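Below, in structure tokens: the form deposited in one PDB entry, a single chain.
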């Protein structure tokens, strides 16, 4: 159809048309593409760049839509709002996130894309560029390991959806979704729906820093056992995809990946 993100260098103002309070911090923000038949123009695996001049300082932060290029007229972004005066070190909270919460209906925010090193080309085929200028290295995988932390499910979900939507895409997605509390399990219905509908291909497990009284899943930070039991066996040569808070990736993921047997080259951070 009509691509909204025609140029990666042009910022495209889109209007906010709906907001869904996914959780206390994270909200699903729907934006209106230029035409009701216009598409976003986002290859699976890539992300967009929201740009706005907040506090006199142009702040450009990146977000991965939960919408699919199949969806027309709208762009759904599950964005967590780091609230002000809710963190001891950060009384100013998030910058773009708080602007987005403040955004009323019909306010405009600029979009830029596509941007990203990973593109899913279908049926195991992941085009991962080592650098933005270097050419993408293409590797077909039978399983995809995925470690998502909080708002880092949106890049995973994009991939999960694409694979499950193609019945000839036999790649098997293993997801490890790490959040602080049960209330913080974003897109949990969608995810559980995906698993029920495509169990053979989608394997789902959660970990919560502070779990509820009844947690049939896992507790604590990301650990080696959960990477071992709830991600693909390293022998299957899978692709471990990771999005989470930089600390979580550095201290909980990358270390415990080595322990299980996953190589750095078979692993990618969104």
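What we label the rigid core is the largest C-alpha set whose atoms superpose within 1.5 Å from one form to the other. Numbering follows the first chain given and starts at 1.
This protein has a second form, the form deposited in another entry, left out of what is shown; the following refers to that one.
Only one of 135, 102, 86, 199 has its Cα shifted by 2 Å or more between this form and the one not shown after fitting on the core, and that residue is 86. Once the rigid core is overlaid between this form and the one not shown, residue 10 does not reach a Cα shift of 2 Å, moving by less than that. Relative to the superposed rigid core, residue 249 undergoes a CA displacement smaller than 2 Å between this form and the one not shown. The rigid-core alignment places the CA of residue 46 less than 2 Å apart between this form and the one not shown.
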